[PDB]
Amino acid sequence: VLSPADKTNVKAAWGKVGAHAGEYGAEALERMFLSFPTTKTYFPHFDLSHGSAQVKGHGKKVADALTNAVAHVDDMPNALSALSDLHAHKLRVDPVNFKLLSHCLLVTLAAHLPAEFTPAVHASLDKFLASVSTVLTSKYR
Amino acid sequence: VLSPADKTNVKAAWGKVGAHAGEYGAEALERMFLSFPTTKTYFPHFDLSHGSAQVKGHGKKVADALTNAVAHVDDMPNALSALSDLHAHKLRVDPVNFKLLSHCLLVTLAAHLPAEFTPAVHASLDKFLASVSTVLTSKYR
Amino acid sequence: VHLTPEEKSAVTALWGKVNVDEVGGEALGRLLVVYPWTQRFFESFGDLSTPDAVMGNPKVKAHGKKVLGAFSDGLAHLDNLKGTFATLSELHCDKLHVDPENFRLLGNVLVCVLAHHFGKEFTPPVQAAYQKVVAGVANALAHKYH
Amino acid sequence: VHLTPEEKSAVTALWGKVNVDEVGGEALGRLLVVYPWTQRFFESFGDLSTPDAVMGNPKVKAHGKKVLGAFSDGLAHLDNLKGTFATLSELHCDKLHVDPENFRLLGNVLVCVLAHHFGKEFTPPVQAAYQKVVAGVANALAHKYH
Ligand code: HEM
Ligand code: HEM
Ligand code: HEM
Ligand code: HEM
């Protein structure tokens, strides 16, 4: 469960991301594709070259979904319901992959927010991304 | 989330286990220690030899907690809150290990209950052990 | 892989009693029922809405026999799993786009099915040898991914 | 560890800029804060109840320096990680009883720390190289477990 302090830390850190969300989402994806190539199996229909428009576009979508979750941090299962259905019933991405994207998002935030990525904040963001992953995987079976 | 059919399936299977719960618990542990030797790091104080009494006694406790969970299948967090605290604040077993014991328990059940271990019951039991695992690691951080 | 002679021979003797057609059908079928997301690769097989439909599906059954047949032929190459499954690894990656985590899930389902079939004969040490085999096959199947 | 020479030069290039003493205390400290169950091995280290207690604990900082010193030394032996880390693998298994999953968690935290310190210089390709390195070290440290 997220604690009051976790929620504060996540809103603060995401607040600083601001209007960079999209860019950071695309970077998180590129990091994932290169560090964990098996994740590429879910995107056979994308051009995955550096700077690809499909990657930027998808980055923004992911980032917007995370922004929505932060905006609704006290009601995430309902805020992400539609996405939860989509992953469970259509996309059917193996659960292990969520841990990989989460880690790459943390690396990306660390690379861009040196003053805000303290140990406490790192801890809260990791818990937050784990909670998002849980919600997204909750209807799989 | 456990559906009505899952609970029924889990109650029926566990019902046949009956007075063998303790023997199966011990057998599941032995299979885990042998198949996944890294799990032995949590029991440096046990004699882990075949038939040692610590494994037996511990297999009984594990099996009884599972029996209690099956009986409280609709209220698990509450019924297992004490074990949840124990694992989170004292034992501090890494979450990955729960998957390993769960697999070994399923193998144990398939071994001893061939007519009852149908595909649907296999599905329910794996979901049930996953939920139990989730409950036991819910207070870790 | 790092298989002890008593382990190598425990695998081999058990495998000689296996009906590949039945076990294959059962392993793949159970994979699809227990981990429903794995159905994503098999939309053209037909109806997979219920366990009964999955287990009775002839395309599921025939695909299971094919998969386990290749697994079976690999048990004669334990000292070289990588070279034996190399072209299969490439196909799974480049043509089929199958997340290798699926190979791990099937392995564990396979181990449960062997236990279901052989009961008492599938002792703790026999299981440990098969766990090493199934992880070795999984790793060989994923080795050419890029 | 299969590393291209250009990956190996990126890894070495960056590592040349690291203050191992400081990065060692940060990585160990963050492991114990983010994944608090790992504190089970350090009960003699005193107060680990809040983030500042952990991050500034002189024993955590000294232990971090020791861990990262040994890790550095491994970066000079990328073609023989298993041999380099054999006695430490044994020690972690037989004396300290450390679940090897802890080595994987530390690797991931080390990657976050490198990213935190180097910012943009820690490009996606450089990360990818470091991920192969931390997995290889974790694997080497686990290799003598039994
Ligand atoms: C932080 C966790 C994640 C979130 C918030 C997220 C969110 C999203 C969003 C917003 C979409 C767009 C759906 C739409 O068009 O409305 C999407 C699609 C998709 N996601 Fe997820 N996702 C997550 C993790 C992953 C993972 C780990 C993978 C697999 C590696 C994955 C694979 C896909 C694929 C293949 C699509 C379809 C892309 C396309 O065809 O355009 N997602 N996701
Ligand atoms: C199915 C999930 C599990 C359940 C239901 C479970 C249940 C229990 C129970 C009932 C106890 C005894 C507490 C007491 O003595 O009153 C216990 C203790 C313990 N468990 Fe868990 N356990 C599970 C998984 C694991 C895993 C995966 C590990 C690590 C591999 C583990 C390691 C331990 C250890 C080391 C103890 C203390 C044993 C002793 O010192 O006597 N458990 N568990
Ligand atoms: C023991 C591990 C496995 C082995 C040994 C194996 C082997 C094979 C073989 C020999 C083929 C025939 C390819 C050809 O016609 O040349 C094949 C096809 C295929 N496999 Fe596997 N396989 C394994 C696991 C899996 C899993 C777990 C999945 C997904 C859940 C999967 C998905 C597929 C798919 C989608 C095809 C193509 C079927 C078609 O043509 O419609 N495989 N496999
Ligand atoms: C990169 C991975 C690691 C390396 C290279 C490493 C290296 C070392 C070294 C050089 C020592 C001192 C050996 C001695 O006292 O003779 C040590 C001790 C120790 N390590 Fe590891 N270590 C690693 C990861 C970890 C992890 C992740 C943990 C647990 C979370 C851990 C737990 C310990 C403990 C408890 C000691 C003994 C502390 C004491 O003196 O009381 N290590 N390690």
# chains A, B, ... in the order shown; residues from 1 in each chain; ligands from 1
call {"tool": "residues_near_ligand", "arguments": {"ligand": "ligand 4", "cutoff": "7 Å", "atoms": "only C-alpha atoms and all ligand atoms", "output": "list in words"}}
result
residues 38, 39, 41, 42, 66, 67, 68, 70, 71, 88, 92, 96, 98, 102, 103, 105, 106, 107, 137 and 138 of chain D
call {"tool": "write_last_selection", "arguments": {"atoms": "N, CA and C atoms", "output": "PDB file, in the first residue's frame"}}
result
ATOM      1  N   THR D  38      16.070  -6.567   2.851  1.00  0.00           N
ATOM      2  CA  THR D  38      17.468  -6.881   2.774  1.00  0.00           C
ATOM      3  C   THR D  38      18.202  -6.461   4.044  1.00  0.00           C
ATOM      4  N   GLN D  39      17.566  -5.718   4.938  1.00  0.00           N
ATOM      5  CA  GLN D  39      18.216  -5.344   6.189  1.00  0.00           C
ATOM      6  C   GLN D  39      18.403  -6.562   7.097  1.00  0.00           C
ATOM      7  N   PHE D  41      20.218  -8.954   6.986  1.00  0.00           N
ATOM      8  CA  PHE D  41      21.642  -9.395   7.094  1.00  0.00           C
ATOM      9  C   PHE D  41      22.509  -8.441   7.918  1.00  0.00           C
ATOM     10  N   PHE D  42      21.967  -7.261   8.235  1.00  0.00           N
ATOM     11  CA  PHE D  42      22.768  -6.201   8.841  1.00  0.00           C
ATOM     12  C   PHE D  42      22.284  -5.808  10.242  1.00  0.00           C
ATOM     13  N   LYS D  66      33.432  -1.669   0.588  1.00  0.00           N
ATOM     14  CA  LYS D  66      34.019  -2.999   0.484  1.00  0.00           C
ATOM     15  C   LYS D  66      33.402  -3.785  -0.671  1.00  0.00           C
ATOM     16  N   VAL D  67      32.075  -3.749  -0.769  1.00  0.00           N
ATOM     17  CA  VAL D  67      31.348  -4.407  -1.844  1.00  0.00           C
ATOM     18  C   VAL D  67      31.708  -3.876  -3.216  1.00  0.00           C
ATOM     19  N   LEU D  68      31.727  -2.554  -3.344  1.00  0.00           N
ATOM     20  CA  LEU D  68      31.994  -1.969  -4.620  1.00  0.00           C
ATOM     21  C   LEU D  68      33.467  -2.112  -4.969  1.00  0.00           C
ATOM     22  N   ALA D  70      35.251  -4.753  -4.394  1.00  0.00           N
ATOM     23  CA  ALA D  70      35.334  -6.084  -4.995  1.00  0.00           C
ATOM     24  C   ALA D  70      34.664  -6.110  -6.375  1.00  0.00           C
ATOM     25  N   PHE D  71      33.625  -5.323  -6.552  1.00  0.00           N
ATOM     26  CA  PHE D  71      32.945  -5.281  -7.834  1.00  0.00           C
ATOM     27  C   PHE D  71      33.879  -4.690  -8.897  1.00  0.00           C
ATOM     28  N   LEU D  88      34.287 -15.684  -2.968  1.00  0.00           N
ATOM     29  CA  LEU D  88      33.217 -14.832  -2.424  1.00  0.00           C
ATOM     30  C   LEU D  88      31.834 -15.543  -2.594  1.00  0.00           C
ATOM     31  N   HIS D  92      29.448 -16.296   0.520  1.00  0.00           N
ATOM     32  CA  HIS D  92      28.074 -15.789   0.602  1.00  0.00           C
ATOM     33  C   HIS D  92      27.044 -16.923   0.797  1.00  0.00           C
ATOM     34  N   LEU D  96      27.506 -16.751   5.051  1.00  0.00           N
ATOM     35  CA  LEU D  96      26.609 -15.615   5.232  1.00  0.00           C
ATOM     36  C   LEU D  96      25.126 -15.944   4.935  1.00  0.00           C
ATOM     37  N   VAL D  98      23.305 -15.766   2.092  1.00  0.00           N
ATOM     38  CA  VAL D  98      22.661 -14.692   1.384  1.00  0.00           C
ATOM     39  C   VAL D  98      21.959 -15.197   0.125  1.00  0.00           C
ATOM     40  N   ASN D 102      19.435 -11.145  -3.868  1.00  0.00           N
ATOM     41  CA  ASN D 102      19.957  -9.896  -3.360  1.00  0.00           C
ATOM     42  C   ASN D 102      21.015  -9.265  -4.298  1.00  0.00           C
ATOM     43  N   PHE D 103      21.820 -10.097  -4.946  1.00  0.00           N
ATOM     44  CA  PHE D 103      22.826  -9.600  -5.895  1.00  0.00           C
ATOM     45  C   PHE D 103      22.144  -8.969  -7.114  1.00  0.00           C
ATOM     46  N   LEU D 105      19.079  -7.549  -7.066  1.00  0.00           N
ATOM     47  CA  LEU D 105      18.527  -6.292  -6.603  1.00  0.00           C
ATOM     48  C   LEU D 105      19.611  -5.250  -6.509  1.00  0.00           C
ATOM     49  N   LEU D 106      20.772  -5.615  -5.960  1.00  0.00           N
ATOM     50  CA  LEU D 106      21.841  -4.600  -5.849  1.00  0.00           C
ATOM     51  C   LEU D 106      22.280  -4.094  -7.199  1.00  0.00           C
ATOM     52  N   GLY D 107      22.343  -4.988  -8.182  1.00  0.00           N
ATOM     53  CA  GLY D 107      22.723  -4.589  -9.535  1.00  0.00           C
ATOM     54  C   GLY D 107      21.805  -3.531 -10.102  1.00  0.00           C
ATOM     55  N   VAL D 137      27.858 -10.343 -12.968  1.00  0.00           N
ATOM     56  CA  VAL D 137      28.400 -10.405 -11.610  1.00  0.00           C
ATOM     57  C   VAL D 137      27.466 -11.138 -10.675  1.00  0.00           C
ATOM     58  N   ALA D 138      26.161 -10.884 -10.803  1.00  0.00           N
ATOM     59  CA  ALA D 138      25.230 -11.607  -9.940  1.00  0.00           C
ATOM     60  C   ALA D 138      25.294 -13.114 -10.192  1.00  0.00           C
TER      61      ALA D 138
END
call {"tool": "residues_near_ligand", "arguments": {"ligand": "ligand 1", "cutoff": "7 Å", "atoms": "only C-alpha atoms and all ligand atoms", "output": "list in words"}}
result
residues 39, 42, 43, 58, 61, 62, 64, 65, 66, 83, 87, 91, 93, 97, 98, 100, 101, 102, 129, 132 and 133 of chain A
call {"tool": "closest_residue", "arguments": {"among": "A:89, A:127, A:31, A:16", "to": "residue B:140", "atoms": "only C-alpha atoms"}}
result
A:127
call {"tool": "atom_distance", "arguments": {"atom1": "atom CA of residue B:130", "atom2": "atom CA of residue B:99"}}
result
7.5 Å
call {"tool": "atom_distance", "arguments": {"atom1": "atom CA of residue C:109", "atom2": "atom 1 (C, counted along the ligand's line) of ligand 2"}}
result
18.4 Å
call {"tool": "residues_around", "arguments": {"residues": "residue D:74", "least_positions_apart": "6", "cutoff": "9 Å", "atoms": "only C-alpha atoms", "output": "ChimeraX atom specification"}}
result
/D:80-81,84-85,137
call {"tool": "residues_around", "arguments": {"residues": "residue B:53", "least_positions_apart": "6", "cutoff": "12 Å", "atoms": "only C-alpha atoms", "output": "MDAnalysis selection string"}}
result
chainID B and resid 23 26 30 46:47 59:60
call {"tool": "closest_residue", "arguments": {"among": "A:69, A:94, A:48, A:137", "to": "ligand 3", "atoms": "only C-alpha atoms and all ligand atoms"}}
result
A:94
call {"tool": "interface_residues", "arguments": {"of": "chain B", "to": "chain D", "cutoff": "7 Å", "atoms": "only C-alpha atoms", "output": "list in words"}}
result
residues 37, 38, 41, 92, 140 and 141 of chain B
call {"tool": "interface_residues", "arguments": {"of": "chain A", "to": "chain B", "cutoff": "8 Å", "atoms": "only C-alpha atoms", "output": "PDB file with C-alpha atoms, in the first residue's frame"}}
result
ATOM      1  CA  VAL A   1       0.000   0.000   0.000  1.00  0.00           C
ATOM      2  CA  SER A 138      -5.049  -7.698 -12.038  1.00  0.00           C
ATOM      3  CA  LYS A 139      -7.539  -9.098 -14.542  1.00  0.00           C
ATOM      4  CA  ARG A 141      -6.916 -14.592 -14.973  1.00  0.00           C
TER       5      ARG A 141
END
call {"tool": "atom_distance", "arguments": {"atom1": "atom CA of residue A:76", "atom2": "atom CA of residue B:73"}}
result
24.8 Å
call {"tool": "residues_around", "arguments": {"residues": "residue C:23", "least_positions_apart": "4", "cutoff": "12 Å", "atoms": "only C-alpha atoms", "output": "MDAnalysis selection string"}}
result
chainID C and resid 15 17:19 27:30 55 60:69 71:72 106 109:118
call {"tool": "write_last_selection", "arguments": {"atoms": "C-alpha atoms", "output": "PDB file, in the first residue's frame"}}
result
ATOM      1  CA  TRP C  15      11.386 -40.274 -20.563  1.00  0.00           C
ATOM      2  CA  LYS C  17       8.004 -44.380 -20.434  1.00  0.00           C
ATOM      3  CA  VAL C  18       6.392 -41.161 -21.715  1.00  0.00           C
ATOM      4  CA  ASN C  19       3.640 -41.108 -24.285  1.00  0.00           C
ATOM      5  CA  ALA C  27       1.147 -29.780 -21.314  1.00  0.00           C
ATOM      6  CA  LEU C  28       0.169 -27.255 -23.974  1.00  0.00           C
ATOM      7  CA  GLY C  29      -3.462 -27.449 -22.995  1.00  0.00           C
ATOM      8  CA  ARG C  30      -2.694 -26.789 -19.352  1.00  0.00           C
ATOM      9  CA  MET C  55      -8.231 -29.610 -23.840  1.00  0.00           C
ATOM     10  CA  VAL C  60      -3.954 -27.672 -29.464  1.00  0.00           C
ATOM     11  CA  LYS C  61      -3.346 -31.405 -29.299  1.00  0.00           C
ATOM     12  CA  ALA C  62      -1.368 -31.630 -32.478  1.00  0.00           C
ATOM     13  CA  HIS C  63       0.709 -28.581 -31.653  1.00  0.00           C
ATOM     14  CA  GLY C  64       1.496 -30.065 -28.222  1.00  0.00           C
ATOM     15  CA  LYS C  65       2.823 -33.252 -29.862  1.00  0.00           C
ATOM     16  CA  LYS C  66       5.004 -31.185 -32.161  1.00  0.00           C
ATOM     17  CA  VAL C  67       6.443 -29.107 -29.362  1.00  0.00           C
ATOM     18  CA  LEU C  68       7.134 -32.086 -27.154  1.00  0.00           C
ATOM     19  CA  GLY C  69       8.539 -34.013 -30.083  1.00  0.00           C
ATOM     20  CA  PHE C  71      11.784 -31.320 -26.736  1.00  0.00           C
ATOM     21  CA  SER C  72      12.137 -35.091 -26.858  1.00  0.00           C
ATOM     22  CA  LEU C 106       5.643 -24.389 -20.254  1.00  0.00           C
ATOM     23  CA  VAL C 109       3.583 -26.904 -16.492  1.00  0.00           C
ATOM     24  CA  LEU C 110       5.419 -29.870 -18.070  1.00  0.00           C
ATOM     25  CA  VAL C 111       6.909 -30.764 -14.723  1.00  0.00           C
ATOM     26  CA  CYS C 112       3.442 -30.740 -13.148  1.00  0.00           C
ATOM     27  CA  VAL C 113       2.095 -33.049 -15.880  1.00  0.00           C
ATOM     28  CA  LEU C 114       4.907 -35.547 -15.395  1.00  0.00           C
ATOM     29  CA  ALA C 115       4.080 -35.592 -11.676  1.00  0.00           C
ATOM     30  CA  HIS C 116       0.412 -36.113 -12.478  1.00  0.00           C
ATOM     31  CA  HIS C 117       1.245 -39.055 -14.739  1.00  0.00           C
ATOM     32  CA  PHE C 118       3.968 -40.871 -12.816  1.00  0.00           C
TER      33      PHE C 118
END
call {"tool": "closest_residue", "arguments": {"among": "C:90, C:6, C:47, C:21", "to": "ligand 3", "atoms": "only C-alpha atoms and all ligand atoms"}}
result
C:90
call {"tool": "closest_residue", "arguments": {"among": "C:75, C:143, C:133, C:44", "to": "chain D", "atoms": "only C-alpha atoms"}}
result
C:143
call {"tool": "select_by_dssp", "arguments": {"residues": "chain C", "states": "helix (DSSP H, G or I)", "output": "PDB file with C-alpha atoms, in the first residue's frame"}}
result
ATOM      1  CA  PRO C   5      25.196 -39.065 -14.347  1.00  0.00           C
ATOM      2  CA  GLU C   6      22.607 -40.308 -11.876  1.00  0.00           C
ATOM      3  CA  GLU C   7      20.573 -37.230 -12.925  1.00  0.00           C
ATOM      4  CA  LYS C   8      21.169 -37.758 -16.662  1.00  0.00           C
ATOM      5  CA  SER C   9      20.018 -41.331 -16.277  1.00  0.00           C
ATOM      6  CA  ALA C  10      17.004 -40.519 -14.113  1.00  0.00           C
ATOM      7  CA  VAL C  11      15.759 -38.235 -16.886  1.00  0.00           C
ATOM      8  CA  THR C  12      16.375 -40.763 -19.648  1.00  0.00           C
ATOM      9  CA  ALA C  13      14.748 -43.714 -17.915  1.00  0.00           C
ATOM     10  CA  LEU C  14      11.601 -41.753 -17.105  1.00  0.00           C
ATOM     11  CA  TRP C  15      11.386 -40.274 -20.563  1.00  0.00           C
ATOM     12  CA  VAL C  20       4.716 -37.964 -26.098  1.00  0.00           C
ATOM     13  CA  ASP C  21       1.434 -37.487 -27.872  1.00  0.00           C
ATOM     14  CA  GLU C  22      -0.632 -37.517 -24.675  1.00  0.00           C
ATOM     15  CA  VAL C  23       1.820 -35.512 -22.528  1.00  0.00           C
ATOM     16  CA  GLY C  24       2.326 -32.978 -25.276  1.00  0.00           C
ATOM     17  CA  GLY C  25      -1.374 -32.375 -25.619  1.00  0.00           C
ATOM     18  CA  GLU C  26      -1.821 -32.117 -21.920  1.00  0.00           C
ATOM     19  CA  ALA C  27       1.147 -29.780 -21.314  1.00  0.00           C
ATOM     20  CA  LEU C  28       0.169 -27.255 -23.974  1.00  0.00           C
ATOM     21  CA  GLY C  29      -3.462 -27.449 -22.995  1.00  0.00           C
ATOM     22  CA  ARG C  30      -2.694 -26.789 -19.352  1.00  0.00           C
ATOM     23  CA  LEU C  31      -0.440 -23.832 -20.302  1.00  0.00           C
ATOM     24  CA  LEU C  32      -3.369 -22.222 -22.122  1.00  0.00           C
ATOM     25  CA  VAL C  33      -5.823 -22.784 -19.294  1.00  0.00           C
ATOM     26  CA  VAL C  34      -3.583 -21.914 -16.334  1.00  0.00           C
ATOM     27  CA  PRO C  36      -4.636 -17.651 -20.292  1.00  0.00           C
ATOM     28  CA  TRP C  37      -2.513 -14.858 -21.717  1.00  0.00           C
ATOM     29  CA  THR C  38      -0.449 -17.456 -23.594  1.00  0.00           C
ATOM     30  CA  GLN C  39      -3.492 -17.928 -25.841  1.00  0.00           C
ATOM     31  CA  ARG C  40      -2.403 -14.792 -27.675  1.00  0.00           C
ATOM     32  CA  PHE C  41      -0.305 -16.890 -30.044  1.00  0.00           C
ATOM     33  CA  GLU C  43      -6.152 -17.246 -32.082  1.00  0.00           C
ATOM     34  CA  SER C  44      -6.406 -19.350 -35.264  1.00  0.00           C
ATOM     35  CA  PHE C  45      -6.744 -22.634 -33.292  1.00  0.00           C
ATOM     36  CA  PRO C  51     -10.801 -25.549 -20.275  1.00  0.00           C
ATOM     37  CA  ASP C  52     -12.873 -28.298 -21.950  1.00  0.00           C
ATOM     38  CA  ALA C  53     -12.727 -26.555 -25.262  1.00  0.00           C
ATOM     39  CA  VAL C  54      -8.986 -26.023 -24.866  1.00  0.00           C
ATOM     40  CA  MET C  55      -8.231 -29.610 -23.840  1.00  0.00           C
ATOM     41  CA  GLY C  56     -10.417 -31.089 -26.612  1.00  0.00           C
ATOM     42  CA  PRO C  58      -7.356 -30.966 -32.018  1.00  0.00           C
ATOM     43  CA  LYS C  59      -5.041 -28.130 -33.107  1.00  0.00           C
ATOM     44  CA  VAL C  60      -3.954 -27.672 -29.464  1.00  0.00           C
ATOM     45  CA  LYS C  61      -3.346 -31.405 -29.299  1.00  0.00           C
ATOM     46  CA  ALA C  62      -1.368 -31.630 -32.478  1.00  0.00           C
ATOM     47  CA  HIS C  63       0.709 -28.581 -31.653  1.00  0.00           C
ATOM     48  CA  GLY C  64       1.496 -30.065 -28.222  1.00  0.00           C
ATOM     49  CA  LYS C  65       2.823 -33.252 -29.862  1.00  0.00           C
ATOM     50  CA  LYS C  66       5.004 -31.185 -32.161  1.00  0.00           C
ATOM     51  CA  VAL C  67       6.443 -29.107 -29.362  1.00  0.00           C
ATOM     52  CA  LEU C  68       7.134 -32.086 -27.154  1.00  0.00           C
ATOM     53  CA  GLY C  69       8.539 -34.013 -30.083  1.00  0.00           C
ATOM     54  CA  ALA C  70      11.189 -31.351 -30.517  1.00  0.00           C
ATOM     55  CA  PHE C  71      11.784 -31.320 -26.736  1.00  0.00           C
ATOM     56  CA  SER C  72      12.137 -35.091 -26.858  1.00  0.00           C
ATOM     57  CA  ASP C  73      14.708 -34.961 -29.644  1.00  0.00           C
ATOM     58  CA  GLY C  74      16.630 -32.393 -27.498  1.00  0.00           C
ATOM     59  CA  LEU C  78      21.932 -32.475 -23.337  1.00  0.00           C
ATOM     60  CA  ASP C  79      25.580 -31.707 -23.800  1.00  0.00           C
ATOM     61  CA  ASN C  80      24.655 -29.231 -26.570  1.00  0.00           C
ATOM     62  CA  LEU C  81      21.202 -27.750 -26.031  1.00  0.00           C
ATOM     63  CA  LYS C  82      22.282 -24.432 -27.540  1.00  0.00           C
ATOM     64  CA  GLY C  83      23.345 -25.751 -30.938  1.00  0.00           C
ATOM     65  CA  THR C  84      20.488 -28.188 -31.097  1.00  0.00           C
ATOM     66  CA  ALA C  86      19.550 -22.615 -32.461  1.00  0.00           C
ATOM     67  CA  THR C  87      17.370 -22.460 -35.571  1.00  0.00           C
ATOM     68  CA  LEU C  88      14.292 -22.895 -33.398  1.00  0.00           C
ATOM     69  CA  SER C  89      15.448 -20.026 -31.223  1.00  0.00           C
ATOM     70  CA  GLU C  90      15.724 -17.820 -34.287  1.00  0.00           C
ATOM     71  CA  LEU C  91      12.354 -18.803 -35.591  1.00  0.00           C
ATOM     72  CA  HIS C  92      10.690 -18.170 -32.227  1.00  0.00           C
ATOM     73  CA  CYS C  93      12.216 -14.706 -32.115  1.00  0.00           C
ATOM     74  CA  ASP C  94      12.266 -13.478 -35.691  1.00  0.00           C
ATOM     75  CA  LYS C  95       9.121 -15.104 -37.094  1.00  0.00           C
ATOM     76  CA  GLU C 101       9.094 -16.296 -20.578  1.00  0.00           C
ATOM     77  CA  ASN C 102       6.532 -18.569 -22.179  1.00  0.00           C
ATOM     78  CA  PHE C 103       9.216 -21.288 -22.413  1.00  0.00           C
ATOM     79  CA  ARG C 104       9.669 -21.098 -18.655  1.00  0.00           C
ATOM     80  CA  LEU C 105       5.949 -21.353 -17.983  1.00  0.00           C
ATOM     81  CA  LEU C 106       5.643 -24.389 -20.254  1.00  0.00           C
ATOM     82  CA  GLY C 107       8.562 -26.056 -18.477  1.00  0.00           C
ATOM     83  CA  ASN C 108       6.928 -25.753 -15.133  1.00  0.00           C
ATOM     84  CA  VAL C 109       3.583 -26.904 -16.492  1.00  0.00           C
ATOM     85  CA  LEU C 110       5.419 -29.870 -18.070  1.00  0.00           C
ATOM     86  CA  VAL C 111       6.909 -30.764 -14.723  1.00  0.00           C
ATOM     87  CA  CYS C 112       3.442 -30.740 -13.148  1.00  0.00           C
ATOM     88  CA  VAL C 113       2.095 -33.049 -15.880  1.00  0.00           C
ATOM     89  CA  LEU C 114       4.907 -35.547 -15.395  1.00  0.00           C
ATOM     90  CA  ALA C 115       4.080 -35.592 -11.676  1.00  0.00           C
ATOM     91  CA  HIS C 116       0.412 -36.113 -12.478  1.00  0.00           C
ATOM     92  CA  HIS C 117       1.245 -39.055 -14.739  1.00  0.00           C
ATOM     93  CA  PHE C 118       3.968 -40.871 -12.816  1.00  0.00           C
ATOM     94  CA  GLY C 119       2.952 -40.164  -9.236  1.00  0.00           C
ATOM     95  CA  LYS C 120       5.279 -41.875  -6.797  1.00  0.00           C
ATOM     96  CA  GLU C 121       7.861 -42.424  -9.432  1.00  0.00           C
ATOM     97  CA  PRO C 124      12.020 -35.144  -5.336  1.00  0.00           C
ATOM     98  CA  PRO C 125      15.426 -35.995  -6.949  1.00  0.00           C
ATOM     99  CA  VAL C 126      13.802 -36.912 -10.253  1.00  0.00           C
ATOM    100  CA  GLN C 127      11.993 -33.530 -10.175  1.00  0.00           C
ATOM    101  CA  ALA C 128      15.222 -31.669  -9.511  1.00  0.00           C
ATOM    102  CA  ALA C 129      16.844 -33.248 -12.551  1.00  0.00           C
ATOM    103  CA  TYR C 130      13.875 -32.333 -14.747  1.00  0.00           C
ATOM    104  CA  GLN C 131      13.869 -28.760 -13.425  1.00  0.00           C
ATOM    105  CA  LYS C 132      17.439 -28.471 -14.604  1.00  0.00           C
ATOM    106  CA  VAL C 133      16.441 -29.887 -17.997  1.00  0.00           C
ATOM    107  CA  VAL C 134      13.471 -27.586 -18.502  1.00  0.00           C
ATOM    108  CA  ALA C 135      15.440 -24.476 -17.511  1.00  0.00           C
ATOM    109  CA  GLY C 136      18.271 -25.606 -19.858  1.00  0.00           C
ATOM    110  CA  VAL C 137      15.809 -25.983 -22.740  1.00  0.00           C
ATOM    111  CA  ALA C 138      14.233 -22.631 -22.001  1.00  0.00           C
ATOM    112  CA  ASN C 139      17.599 -20.923 -21.950  1.00  0.00           C
ATOM    113  CA  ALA C 140      18.634 -22.635 -25.235  1.00  0.00           C
ATOM    114  CA  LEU C 141      15.390 -21.508 -26.861  1.00  0.00           C
ATOM    115  CA  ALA C 142      15.978 -17.911 -25.818  1.00  0.00           C
TER     116      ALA C 142
END
